[PDB]
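Trainee: Please read through the structure below; I'll follow up with questions.
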Amino acid sequence: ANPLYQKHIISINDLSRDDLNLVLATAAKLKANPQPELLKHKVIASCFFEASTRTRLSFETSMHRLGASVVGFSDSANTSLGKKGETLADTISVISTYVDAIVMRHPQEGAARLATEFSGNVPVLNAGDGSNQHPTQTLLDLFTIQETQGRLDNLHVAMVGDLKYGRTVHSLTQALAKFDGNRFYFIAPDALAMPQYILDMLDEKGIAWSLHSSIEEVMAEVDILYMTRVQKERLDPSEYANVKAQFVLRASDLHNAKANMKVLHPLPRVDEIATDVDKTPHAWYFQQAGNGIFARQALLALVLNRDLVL
Amino acid sequence: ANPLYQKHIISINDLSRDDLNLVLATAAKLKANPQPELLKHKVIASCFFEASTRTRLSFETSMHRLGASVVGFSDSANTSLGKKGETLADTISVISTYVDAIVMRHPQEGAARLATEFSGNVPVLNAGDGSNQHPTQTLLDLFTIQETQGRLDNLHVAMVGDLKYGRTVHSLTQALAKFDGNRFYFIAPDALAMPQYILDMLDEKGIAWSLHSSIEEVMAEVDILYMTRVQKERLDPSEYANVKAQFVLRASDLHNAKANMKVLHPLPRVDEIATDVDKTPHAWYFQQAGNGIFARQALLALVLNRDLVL
Amino acid sequence: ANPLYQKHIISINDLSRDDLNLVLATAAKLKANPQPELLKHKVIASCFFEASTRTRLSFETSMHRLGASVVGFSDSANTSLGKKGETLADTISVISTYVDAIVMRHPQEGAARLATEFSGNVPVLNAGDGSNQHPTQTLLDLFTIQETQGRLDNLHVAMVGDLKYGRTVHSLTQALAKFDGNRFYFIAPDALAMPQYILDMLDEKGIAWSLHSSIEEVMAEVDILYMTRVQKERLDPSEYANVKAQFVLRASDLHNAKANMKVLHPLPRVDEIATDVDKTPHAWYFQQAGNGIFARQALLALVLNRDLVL
Amino acid sequence: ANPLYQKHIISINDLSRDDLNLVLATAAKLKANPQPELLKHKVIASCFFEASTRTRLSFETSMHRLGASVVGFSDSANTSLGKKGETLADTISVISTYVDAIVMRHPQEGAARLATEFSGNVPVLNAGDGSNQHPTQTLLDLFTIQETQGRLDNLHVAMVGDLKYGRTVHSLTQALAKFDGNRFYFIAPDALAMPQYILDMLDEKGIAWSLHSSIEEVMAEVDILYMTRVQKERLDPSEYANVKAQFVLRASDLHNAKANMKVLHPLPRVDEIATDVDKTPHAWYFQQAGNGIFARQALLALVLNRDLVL
Amino acid sequence: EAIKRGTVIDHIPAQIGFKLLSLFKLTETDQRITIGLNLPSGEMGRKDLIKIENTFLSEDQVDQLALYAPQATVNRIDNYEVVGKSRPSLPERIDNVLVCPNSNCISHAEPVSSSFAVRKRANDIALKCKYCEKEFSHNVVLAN
Amino acid sequence: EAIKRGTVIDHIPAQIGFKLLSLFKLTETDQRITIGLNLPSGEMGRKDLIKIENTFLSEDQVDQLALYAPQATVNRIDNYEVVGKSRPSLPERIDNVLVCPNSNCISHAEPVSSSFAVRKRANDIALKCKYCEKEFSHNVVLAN
Ligand SMILES: Nc1ccn([C@@H]2O[C@H](COP(=O)(O)OP(=O)(O)OP(=O)(O)O)[C@@H](O)[C@H]2O)c(=O)n1
Ligand SMILES: Nc1ccn([C@@H]2O[C@H](COP(=O)(O)OP(=O)(O)OP(=O)(O)O)[C@@H](O)[C@H]2O)c(=O)n1
Ligand SMILES: [Zn+2]
Ligand SMILES: [Zn+2]
């Protein structure tokens, strides 16, 4: 069978370069040639112990595009648990007797990993666990980069915004670090800098990174400009007002951008990207979201189907 | 057609021994040989006027395993009713024009029975009505007993916990009383004793039952140890602390248990069953939950399909 | 100083019969001759961590009737001290630097007793701690019994309703058992019987008590009919309907009542005393409530004023 | 009249060192000789648009200790003035026709200052406006420092915890910087450092300050150890765990402390001062809270009573 | 393995020795401690034994052993000599070590030491919590 | 005093011997155990020492002591003869005994054993939780 058959998908740290390439190649194939009956007769649990409409719609759409059936719930004040007192262990012990795969998002770190210890032979796919992992966001980000740039090595990647608390940027940085010759530009308020542990990991592998106070310093060289949301809460309202101009993007900022350059953003954007960017050929955040469908399909297909029939 | 074709499933009191055997035989067949297209083109309403994630996931999974489509809702503060003022009668009058079957759970006793008076030719399946009935829990319990024990007659069944307010144990006791030679052991706090009306029903049929203050008195003889949840609310916190040791199960308690003995629990368990029981060959509560899928499939199949094609 | 000067008032079990009589004698004096300036320049904290409008109004009115000033709070859902983040210990350590006495009601048993360990020289009066004590309710009940019957010894006292969970009936029984020759009648559904430990205490003191299934069995010999609320949760709706007639009182039930007999109820009485009782000479529950003012004035006066009240 | 008669008390930056000393001297006088009728016949509004039980109790107790009457409100979730529909302007325009002074706490910065523009001749006392000012906290802190150390000049003051977002530590630093020869030690996680603008102010005045990674580096020379709460939100749970040991105090940390040293904390202290500190002679946070009464009495007396207090 | 000076708690039932060390924090000291667990007795079969040098226990400290090692002997040793022999007796109060089984008791969340009044009954021991004033069998309190 | 057969854990730092007994459930056996706490060491000033008869520790079990008694020595004994001396080395992994400092880690509320990957750094040991994947200094995880 394929290397990912019946495997849990919990952390980008568990996925090798070959694994990432395989998911991405499978995504390209399903995108070119859909297989709407591949997972016919499979039932998949969509378990959002923590609610996330955006992620859940995308995942469930992926499930239906392969012909799978879906059961599930979305929590915080409505579900018959997470207020009650049944262990997550017991919840998984039950659910894994029902379904062929469990996709789960949860407010505590480690939750998906714990699930694997109770799911028997049912694969668990992590749709996000606290501030830990969200590997399918990383997969869709990587698929988008590879598709627009034609490669995952020798790139200039700028990351802008809240680099301290972005689960999404940490994961993407680790992922890209599995490839060669990539160079990083970190553009963030000092209060929200990329964490040292990420920087140590980059140093250890001889991967170049530098800090910059404005997008302008790197625009001419950037292949991927990855914007993140700055939660107003994570700063004081005055503090925000003083530094926000250095993490906010408008169409005028793109004048000297390379032709290949794409602007990505995991969404939602509110302030970070002006609507005038939307019409430029560089805006690729909506196409990125759309690619979540193919990345998530590829993952379900690889996990639930022995042989790449594609 | 089969005896259950187009029949409402409202109460264990409405089901004869033959009916129970038929559901259970059908469950065994679908478990051995799935029929994922049996209910193709059927649409089933999953109507949880009272929320119950556990029951709802299980029921909907059953629906999808037969190829049916599902529409529905789960209530208390979100649905556009049960806060408004439309009669349940009108709600059913509408919904029964949409779907091929209605599965419903509701906070008032009698709700499913009332539904049948307004659903025209659309079958209603009761997923629980207040403290009255929950016949598909009873069906899955019975299927689990029959499968592990090879029979439903001449059993020694212990029931432990909150026997006064357990809708689940009352129903299971009535069901087993439709069979011969069964003997019951009731192990409960005095405040939470099995109700007299149940005891009168057992007396009337010459069925043996006895009270015991500890599991140890009956362990050597028990075929089925059916544990129930004791809601902390239904006792005062001190009261609970004083009697809880006599409704709590741990692996050491099973030393002299027969080889065939199974421990069941409708779930959730929190205190009642120590996690160390889980690894013994006697723990069967998760397998029991898993059997809900086959019991619920059998019921949908029998109700919506004239002839047993199996 | 008087025996209660600067003493905490936490539990009826900590108060002697002499203490009880002293509170009652002081209550009669203040009732007969108000002292509106006795506690002039005292500041009292009215701390209702658990809300209780009727008890708080009663207590605060008593404070004003003696001329004290009042600061306080009441928690419906939210305050971040005494519960949420801060320890009750810390809350008391702070509040006992502001005020001259603390009146507190709290959802956990032992709360007021814990307060005394952090209040320094500031007295604490227990306005109710979970299912433990409510000494000023018992004090106002005793005052009302003494006033209408002329004594607290050699009485026939009937207690009706939820005798199991009524903290109020438990303490009234303990209190009355400090006096001589009292005889008790306990009318309660079997699910809600007077706890054994209360029965054991009466037995040890050679105090007569009997159980009765209905009010009429004893109506002809009682001096005090003390009714309590049976909250619907403590039973199942059908169970409630089945038994309720035993613990509900209407005017016709009073036909053979002694002339001196008074009906008491700590309130609210919505579900157990019919309004047709209100106009009989036996109805004394509103007079009882009115006596809360005098009992609570007496306690405040005794605890905060060195000299005995004249 | 005294210099503060009929003045608004909004910001520490509007108060001179002479004003500060005047408040403190008046606080010492009232502490030593109460004047329970000074503000007889005054009516004070206690307007807690933002709830704050501890601050409100403190303020209201102070009002009663001077004999004033009190009317007010506190907003947990709902009032349709000062926020919801009506402008704060209109609310103040109305309330300033009822009362003799307004004490207000509000979630938005500038709220009290805005109140002064609509209060006519009615004085406004700021009980806290968002992340801006909290002058009576600072006044009670200074009183406590002056009392225990005998002076407010030439002190060694350590501030620990969330120095970035603590409005209380910012104003205490400004206040202490109005006096001569004070030296500051700032112990805080790098994410929560004392803001530059405070540092700039100290530099301009030639006031010495240094940064320290832990309490022990300076324990031997501090006269005042002022601790603050680090609320968990301001950091990520793992980040919190990683650094917290630097800003938590236990009794063993005090081995080499000066005899005169006092530990202060504006409270609640649940997460940063161990309870074993409480019994040491250095623990002064509850005494500090008790001093809130005297500082707030002094301010009310000075603002509402023409003549200086004797 | 004899000691010149201190206390020797002898005749502790097996599986209680370590429990005593834990509950009463006996190893939180700089004094020399010597311990034997699962020692042969014949005096009772198997036993535990605890020796604490330069350390002595008040009568009430010895009484706190009652619930766990009712048949123990506490020996006082000075100049290598056994000067005192004592047996635990049921105390009137037990503080610090017990936990109140009432989950709504204020004692759980708070900076206070647990405290129970001890009442010997015919078949067991009744423990009454200082805070919630609920009374429980010692069997129930000791369970957790 | 000498034993015939089993394991002797020597040169345990003071105030660690009791830790070892608790964390590693050493007293949960019927085998004879002799323990010496706060013993004089010419090499350490003071030390702790544990003897467990008829019981033997595997290499990983010995390595599980590394965090607490890095300079301990474990003696395998048979016929009054030391037949093997070993010393704790840092293991790749530490299970069961540690608690994750992350309050939001799923490990806390749940029927699972804690698990940490071990990684030595210049001046401390990094411990990465299997569940939340956060890494902490050992000084933080060990923190009381
Ligand atoms: N210098 C000493 C003296 C005695 N012991 C111990 O103290 C306990 C009691 O000593 P002793 O009364 O001499 O022995 P017994 O007479 O057997 O006491 P008992 O009858 O109580 O068993 C024994 O465990 C002994 O080893 C000791 O450790 N150090
Ligand atoms: N039959 C035996 C043999 C040895 N020991 C113990 O095993 C440990 C080590 O034995 P040994 O190598 O003989 O002593 P040392 O030379 O001091 O060992 P090291 O150099 O490691 O300290 C000692 O604490 C000793 O008391 C024991 O209890 N029983
Ligand atoms: Zn208690
Ligand atoms: Zn963790």
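How things are named: the first chain in the structure tokens is A, the next is B, and so on; residues count from 1 in each chain; ligands count from 1 in the order shown.
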So that I can check the secondary structure, give me every residue of segment 43-135 of chain F assigned helix (DSSP H, G or I) by backbone DSSP, as a list in words.

Mentor: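 Output for segment 43-135 of chain F, helix (DSSP H, G or I) only: residues 59, 60, 61, 62 and 63 of chain F.
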
Trainee: Report chain C as a short mmCIF file (atom, residue, chain, number, x, y, z; two decimals) with C-alpha atoms, in the first residue's frame in the frame of chain A, after least-squares superposition over all C-alpha atoms paired in order.

Mentor:
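Saved the output as superposed_10.cif:
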```cif
data_model
loop_
_atom_site.label_atom_id
_atom_site.label_comp_id
_atom_site.auth_asym_id
_atom_site.auth_seq_id
_atom_site.Cartn_x
_atom_site.Cartn_y
_atom_site.Cartn_z
CA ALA C 1 -0.28 -0.06 0.19
CA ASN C 2 0.67 3.60 -0.15
CA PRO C 3 2.93 4.90 2.65
CA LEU C 4 0.08 6.79 4.35
CA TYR C 5 -2.57 4.08 4.15
CA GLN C 6 -4.37 3.80 7.50
CA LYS C 7 -2.00 6.31 9.13
CA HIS C 8 -2.99 8.98 11.64
CA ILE C 9 -2.32 12.53 10.44
CA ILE C 10 -1.53 14.45 13.63
CA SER C 11 1.58 16.58 13.28
CA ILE C 12 3.70 18.08 10.51
CA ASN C 13 6.73 16.94 12.51
CA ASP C 14 5.67 13.32 11.96
CA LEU C 15 5.57 13.74 8.18
CA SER C 16 8.66 13.35 6.02
CA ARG C 17 9.42 15.40 2.93
CA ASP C 18 8.49 12.31 0.90
CA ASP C 19 5.10 12.17 2.68
CA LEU C 20 4.53 15.84 1.95
CA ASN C 21 5.38 15.36 -1.75
CA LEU C 22 3.11 12.32 -1.88
CA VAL C 23 0.15 14.30 -0.49
CA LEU C 24 0.82 17.13 -2.90
CA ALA C 25 1.17 14.81 -5.91
CA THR C 26 -2.09 13.09 -5.01
CA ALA C 27 -3.76 16.52 -4.64
CA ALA C 28 -2.64 17.54 -8.14
CA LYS C 29 -4.03 14.30 -9.60
CA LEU C 30 -7.46 14.63 -7.98
CA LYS C 31 -7.59 18.28 -8.99
CA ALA C 32 -6.86 17.32 -12.60
CA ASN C 33 -9.12 14.20 -12.58
CA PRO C 34 -11.86 13.95 -9.91
CA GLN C 35 -12.75 10.55 -8.43
CA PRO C 36 -16.23 11.18 -7.00
CA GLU C 37 -16.79 7.56 -5.94
CA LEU C 38 -13.37 6.69 -4.48
CA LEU C 39 -14.66 6.69 -0.91
CA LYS C 40 -18.16 5.42 -1.64
CA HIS C 41 -19.60 3.59 1.40
CA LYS C 42 -17.10 5.15 3.85
CA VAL C 43 -18.58 7.05 6.81
CA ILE C 44 -16.42 9.84 8.22
CA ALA C 45 -16.92 11.64 11.55
CA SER C 46 -16.50 15.40 11.37
CA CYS C 47 -15.93 16.19 15.05
CA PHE C 48 -15.54 19.89 15.75
CA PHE C 49 -15.29 20.01 19.55
CA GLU C 50 -13.98 23.49 18.86
CA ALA C 51 -16.11 25.20 16.24
CA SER C 52 -14.56 26.27 12.94
CA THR C 53 -17.03 26.81 10.15
CA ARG C 54 -14.51 27.48 7.41
CA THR C 55 -12.33 24.46 8.22
CA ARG C 56 -15.34 22.18 8.71
CA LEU C 57 -17.00 23.21 5.41
CA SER C 58 -13.69 22.68 3.63
CA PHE C 59 -13.17 19.24 5.16
CA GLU C 60 -16.77 18.09 4.63
CA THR C 61 -16.82 19.26 1.02
CA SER C 62 -13.67 17.16 0.46
CA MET C 63 -15.37 14.11 1.95
CA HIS C 64 -18.37 14.50 -0.39
CA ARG C 65 -16.18 15.09 -3.44
CA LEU C 66 -14.82 11.59 -2.89
CA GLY C 67 -18.32 10.20 -2.31
CA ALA C 68 -18.00 9.53 1.44
CA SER C 69 -20.87 10.01 3.89
CA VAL C 70 -20.49 12.37 6.83
CA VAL C 71 -21.73 12.48 10.41
CA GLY C 72 -20.61 15.01 12.93
CA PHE C 73 -21.08 17.85 15.37
CA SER C 74 -19.76 21.27 16.24
CA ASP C 75 -19.57 22.72 19.75
CA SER C 76 -20.67 26.25 20.35
CA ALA C 77 -20.91 26.17 24.17
CA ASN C 78 -22.44 22.72 24.74
CA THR C 79 -21.85 18.99 24.32
CA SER C 80 -21.35 16.65 27.28
CA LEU C 81 -18.63 14.51 25.68
CA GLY C 82 -14.96 14.98 24.75
CA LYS C 83 -14.98 17.87 27.23
CA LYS C 84 -17.71 18.42 29.85
CA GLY C 85 -18.38 15.19 31.77
CA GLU C 86 -17.13 12.34 29.61
CA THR C 87 -13.42 11.94 28.84
CA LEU C 88 -12.28 12.56 25.29
CA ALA C 89 -10.94 8.99 25.61
CA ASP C 90 -14.45 7.60 26.08
CA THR C 91 -15.92 9.75 23.27
CA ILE C 92 -13.31 8.42 20.83
CA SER C 93 -13.68 4.84 22.10
CA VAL C 94 -17.37 5.14 21.19
CA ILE C 95 -17.09 7.07 17.92
CA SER C 96 -14.39 4.77 16.59
CA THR C 97 -16.98 1.94 16.60
CA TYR C 98 -19.29 3.97 14.27
CA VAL C 99 -16.99 5.37 11.59
CA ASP C 100 -14.15 4.69 9.18
CA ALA C 101 -12.14 7.82 10.01
CA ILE C 102 -12.24 10.69 12.47
CA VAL C 103 -11.51 14.29 11.53
CA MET C 104 -11.31 16.29 14.75
CA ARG C 105 -10.68 19.84 15.93
CA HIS C 106 -10.27 20.47 19.66
CA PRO C 107 -9.28 23.38 21.97
CA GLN C 108 -6.58 21.48 23.88
CA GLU C 109 -3.13 20.64 22.54
CA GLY C 110 -2.52 16.90 22.11
CA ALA C 111 -6.21 16.08 21.66
CA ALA C 112 -5.86 14.33 18.30
CA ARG C 113 -2.78 12.42 19.47
CA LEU C 114 -4.73 11.25 22.51
CA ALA C 115 -7.54 10.19 20.15
CA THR C 116 -5.20 7.79 18.33
CA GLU C 117 -4.65 5.84 21.55
CA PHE C 118 -8.37 5.05 21.76
CA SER C 119 -9.45 4.88 18.08
CA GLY C 120 -8.26 1.31 17.43
CA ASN C 121 -7.80 0.81 13.71
CA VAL C 122 -9.74 4.00 12.89
CA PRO C 123 -7.46 6.76 11.54
CA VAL C 124 -7.51 10.24 13.10
CA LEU C 125 -6.90 13.41 11.09
CA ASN C 126 -5.98 16.50 13.11
CA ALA C 127 -8.07 19.52 12.06
CA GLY C 128 -6.38 21.61 14.77
CA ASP C 129 -5.43 21.08 18.41
CA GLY C 130 -5.13 24.27 20.44
CA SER C 131 -1.91 26.11 19.68
CA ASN C 132 -0.12 22.97 18.52
CA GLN C 133 -0.69 21.57 15.01
CA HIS C 134 -2.94 22.11 12.01
CA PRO C 135 -1.37 19.81 9.42
CA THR C 136 -4.00 20.17 6.64
CA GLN C 137 -3.67 23.95 6.66
CA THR C 138 0.07 23.51 6.12
CA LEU C 139 -0.58 20.90 3.44
CA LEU C 140 -2.87 23.21 1.49
CA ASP C 141 -0.35 26.09 1.91
CA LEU C 142 2.48 23.95 0.53
CA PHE C 143 0.34 22.70 -2.37
CA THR C 144 -0.43 26.32 -3.24
CA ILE C 145 3.25 27.30 -3.02
CA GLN C 146 4.31 24.33 -5.16
CA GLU C 147 1.62 25.02 -7.75
CA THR C 148 2.35 28.73 -8.21
CA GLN C 149 6.13 28.59 -7.89
CA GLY C 150 6.73 25.19 -9.48
CA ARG C 151 8.78 23.93 -6.52
CA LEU C 152 9.28 23.97 -2.72
CA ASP C 153 13.11 24.35 -2.70
CA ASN C 154 15.23 27.49 -3.11
CA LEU C 155 12.39 29.93 -2.34
CA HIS C 156 12.26 33.39 -0.80
CA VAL C 157 9.42 33.27 1.72
CA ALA C 158 8.24 36.22 3.79
CA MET C 159 5.98 35.68 6.80
CA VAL C 160 4.17 38.71 8.24
CA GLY C 161 2.08 39.34 11.36
CA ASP C 162 1.63 37.40 14.56
CA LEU C 163 4.60 35.05 14.20
CA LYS C 164 4.64 34.31 17.91
CA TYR C 165 1.18 32.84 18.31
CA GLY C 166 0.43 31.72 14.74
CA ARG C 167 0.36 27.91 14.86
CA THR C 168 -0.04 28.06 11.08
CA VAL C 169 3.21 29.98 10.47
CA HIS C 170 5.18 27.76 12.84
CA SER C 171 4.24 24.56 10.95
CA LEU C 172 4.71 26.10 7.50
CA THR C 173 8.23 27.07 8.59
CA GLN C 174 8.94 23.51 9.86
CA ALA C 175 7.53 22.07 6.66
CA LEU C 176 9.45 24.36 4.35
CA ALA C 177 12.58 23.59 6.39
CA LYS C 178 12.32 19.93 5.28
CA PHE C 179 13.19 21.19 1.79
CA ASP C 180 16.47 22.65 0.54
CA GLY C 181 17.72 26.19 0.07
CA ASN C 182 14.71 28.10 1.38
CA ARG C 183 15.32 31.59 2.78
CA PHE C 184 12.95 33.24 5.27
CA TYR C 185 12.00 36.84 6.05
CA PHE C 186 10.17 37.50 9.31
CA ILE C 187 8.20 40.74 9.57
CA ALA C 188 6.52 41.11 12.94
CA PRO C 189 6.11 43.59 15.80
CA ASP C 190 8.68 42.91 18.50
CA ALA C 191 5.91 41.79 20.86
CA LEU C 192 4.97 39.11 18.27
CA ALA C 193 8.31 37.78 16.95
CA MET C 194 8.91 34.27 15.57
CA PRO C 195 9.79 32.14 18.64
CA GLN C 196 13.44 31.29 19.37
CA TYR C 197 12.83 27.54 19.09
CA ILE C 198 11.85 27.97 15.44
CA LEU C 199 14.95 30.14 14.93
CA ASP C 200 17.13 27.48 16.60
CA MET C 201 15.77 24.83 14.26
CA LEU C 202 16.59 26.90 11.18
CA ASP C 203 20.09 27.63 12.50
CA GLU C 204 20.84 23.96 13.14
CA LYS C 205 19.87 23.18 9.54
CA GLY C 206 21.93 26.05 8.16
CA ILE C 207 18.85 27.80 6.79
CA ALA C 208 19.10 31.57 6.29
CA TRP C 209 16.54 33.86 7.95
CA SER C 210 16.47 37.60 8.72
CA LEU C 211 14.12 39.98 10.58
CA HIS C 212 12.57 43.02 8.93
CA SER C 213 10.51 45.86 10.37
CA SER C 214 8.43 46.27 7.22
CA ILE C 215 7.26 44.53 4.06
CA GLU C 216 8.97 46.96 1.63
CA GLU C 217 12.50 46.04 2.79
CA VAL C 218 12.02 42.65 1.14
CA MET C 219 9.17 43.12 -1.38
CA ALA C 220 11.60 43.02 -4.32
CA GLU C 221 12.96 39.54 -3.66
CA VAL C 222 10.09 37.47 -2.24
CA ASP C 223 8.35 34.67 -4.11
CA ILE C 224 5.84 34.11 -1.31
CA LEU C 225 4.32 36.75 0.95
CA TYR C 226 2.44 34.86 3.64
CA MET C 227 0.27 37.19 5.71
CA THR C 228 -1.39 36.37 9.06
CA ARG C 229 -4.08 37.85 11.25
CA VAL C 230 -3.00 39.91 14.25
CA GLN C 231 -6.00 39.53 16.56
CA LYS C 232 -6.64 42.73 18.54
CA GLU C 233 -6.49 40.98 21.92
CA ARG C 234 -2.82 40.03 21.55
CA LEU C 235 -2.03 43.73 21.87
CA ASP C 236 -3.49 46.79 23.57
CA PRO C 237 -5.63 49.03 21.27
CA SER C 238 -3.12 51.93 21.31
CA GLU C 239 -0.24 49.53 20.86
CA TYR C 240 -2.06 47.96 17.92
CA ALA C 241 -2.65 51.39 16.35
CA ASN C 242 1.05 52.26 16.85
CA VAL C 243 2.50 49.29 14.96
CA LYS C 244 -0.22 47.99 12.63
CA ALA C 245 1.08 49.81 9.51
CA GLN C 246 4.02 47.37 9.45
CA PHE C 247 1.85 44.28 8.97
CA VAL C 248 -0.89 45.60 6.67
CA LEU C 249 -0.66 45.25 2.89
CA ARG C 250 -2.19 47.42 0.16
CA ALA C 251 -1.86 47.29 -3.64
CA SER C 252 0.66 50.15 -3.85
CA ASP C 253 3.04 48.11 -1.70
CA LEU C 254 3.29 45.67 -4.64
CA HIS C 255 4.86 48.04 -7.21
CA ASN C 256 8.28 46.33 -7.24
CA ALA C 257 7.08 42.76 -6.61
CA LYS C 258 8.41 39.87 -8.69
CA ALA C 259 5.98 38.68 -11.37
CA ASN C 260 5.71 35.22 -9.81
CA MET C 261 5.08 36.49 -6.27
CA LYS C 262 1.85 35.35 -4.60
CA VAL C 263 0.22 36.72 -1.46
CA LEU C 264 -1.21 34.03 0.82
CA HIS C 265 -3.26 34.34 4.00
CA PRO C 266 -4.93 31.48 5.88
CA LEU C 267 -7.97 33.78 6.43
CA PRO C 268 -9.92 35.66 7.69
CA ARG C 269 -7.88 38.64 6.41
CA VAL C 270 -10.21 41.47 7.38
CA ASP C 271 -7.64 43.56 9.25
CA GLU C 272 -4.40 43.18 7.24
CA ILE C 273 -4.97 42.87 3.47
CA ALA C 274 -6.75 45.82 1.80
CA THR C 275 -9.40 44.86 -0.75
CA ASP C 276 -7.55 46.71 -3.51
CA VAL C 277 -5.08 43.79 -3.43
CA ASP C 278 -7.80 41.36 -4.52
CA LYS C 279 -7.68 42.17 -8.22
CA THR C 280 -3.90 42.10 -8.61
CA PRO C 281 -2.32 38.98 -10.08
CA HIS C 282 -0.48 38.51 -6.76
CA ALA C 283 -3.62 37.97 -4.66
CA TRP C 284 -3.82 34.20 -4.14
CA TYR C 285 -5.60 33.70 -0.79
CA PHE C 286 -8.94 32.59 -2.21
CA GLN C 287 -7.20 30.21 -4.65
CA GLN C 288 -5.29 29.01 -1.61
CA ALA C 289 -8.55 28.29 0.23
CA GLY C 290 -9.86 26.50 -2.86
CA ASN C 291 -6.77 24.27 -2.71
CA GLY C 292 -7.81 23.15 0.79
CA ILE C 293 -10.32 20.91 -0.97
CA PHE C 294 -7.65 19.15 -3.03
CA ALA C 295 -5.15 18.78 -0.17
CA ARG C 296 -7.85 17.39 2.14
CA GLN C 297 -9.18 15.03 -0.54
CA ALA C 298 -5.63 13.76 -1.08
CA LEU C 299 -5.16 13.00 2.61
CA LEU C 300 -8.52 11.25 2.94
CA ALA C 301 -7.86 9.22 -0.21
CA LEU C 302 -4.36 8.21 0.89
CA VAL C 303 -5.41 7.25 4.43
CA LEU C 304 -8.55 5.34 3.44
CA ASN C 305 -7.67 3.83 0.04
CA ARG C 306 -4.97 1.15 -0.11
CA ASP C 307 -3.89 1.84 -3.67
CA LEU C 308 -2.01 4.94 -4.77
CA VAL C 309 -4.15 7.43 -6.71
CA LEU C 310 -3.45 7.60 -10.48
#
```

Trainee: Write down as a PyMOL selection string the residues of segment 19-97 of chain F whose backbone DSSP state falls under strand (DSSP E or B).

Mentor: chain F and resi 33-41+45-53+73-78+81-86+93-95

Trainee: Keeping only C-alpha atoms, write those residues as a short mmCIF file (atom, residue, chain, number, x, y, z; two decimals), in the first residue's frame.

Mentor:
```cif
data_model
loop_
_atom_site.label_atom_id
_atom_site.label_comp_id
_atom_site.auth_asym_id
_atom_site.auth_seq_id
_atom_site.Cartn_x
_atom_site.Cartn_y
_atom_site.Cartn_z
CA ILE F 33 13.40 -3.48 51.83
CA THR F 34 16.00 -1.67 53.90
CA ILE F 35 16.32 2.12 53.57
CA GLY F 36 18.85 4.60 55.01
CA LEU F 37 18.21 8.35 54.77
CA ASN F 38 20.54 11.27 55.58
CA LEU F 39 23.48 8.87 56.02
CA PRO F 40 26.98 10.33 56.34
CA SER F 41 29.02 10.19 53.14
CA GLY F 45 28.60 14.81 53.31
CA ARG F 46 25.21 13.10 53.30
CA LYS F 47 23.45 10.45 51.18
CA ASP F 48 20.41 8.19 50.81
CA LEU F 49 20.50 4.43 50.23
CA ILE F 50 17.94 1.81 49.20
CA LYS F 51 18.15 -1.98 49.32
CA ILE F 52 15.49 -4.24 47.77
CA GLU F 53 15.93 -8.01 48.18
CA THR F 73 25.29 3.60 41.73
CA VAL F 74 23.12 0.51 41.35
CA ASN F 75 24.51 -2.78 42.61
CA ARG F 76 23.24 -6.16 41.47
CA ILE F 77 23.75 -8.57 44.37
CA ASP F 78 23.78 -12.36 44.62
CA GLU F 81 28.49 -10.71 46.28
CA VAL F 82 28.16 -7.58 44.16
CA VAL F 83 27.96 -9.18 40.70
CA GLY F 84 27.35 -5.96 38.79
CA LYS F 85 27.64 -2.20 39.25
CA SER F 86 25.86 0.21 36.93
CA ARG F 93 12.49 8.93 27.00
CA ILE F 94 10.75 9.36 30.39
CA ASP F 95 7.24 7.95 31.00
#
```
